[PDB]
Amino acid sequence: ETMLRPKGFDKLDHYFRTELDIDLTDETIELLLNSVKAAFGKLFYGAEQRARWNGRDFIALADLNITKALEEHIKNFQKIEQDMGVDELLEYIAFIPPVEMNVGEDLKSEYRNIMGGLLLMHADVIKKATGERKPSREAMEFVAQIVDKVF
């Protein structure tokens, strides 16, 4: 790899291998990030309605479709000291939530924790579903499919 590899990939690659026992490639990182981005969009299911019922004109964290299981991953992510590239990866995915309403700035400030939780959740699913320390394209495509069915 060189310094041109998209920013964050480096650090994610390094964290997944050394701390989670998952060997990623550029190809499987892209698949992983597309699945994270998809799941992130799914968290906005019901969010505009919940915001309106609360008298708000913006989406708050309280309005998102986050479950207890994801909340646990988000909390575990916040206690990680090593930088796994989440800030760079967030910019890389160029996330646009599927809503017309304003996303509140305090929620925007939590996007790194949400994405970090989604990354740890995906690592958990990779290990429990693929059977491969170095997942193939098809293994990762399967992870994205089964993740889509819990969001």
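Heads up: residue numbers just count along the shown sequence, starting at 1.
For the pair 136 to 144 and 20 to 28, the mean Cα B-factor is higher in 20 to 28. Look at the C-alpha B-factors of 62 to 70 and of 78 to 86. On average they run higher in 78 to 86. Of the candidates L120, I96, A51, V36, it is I96 whose Cα B-factor is highest according to the PDB record. Split the chain's modelled residues into thirds by C-alpha temperature factor. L43 is in the lowest one. Among all modelled residues in its chain, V103 ranks in the middle third by Cα B-factor.
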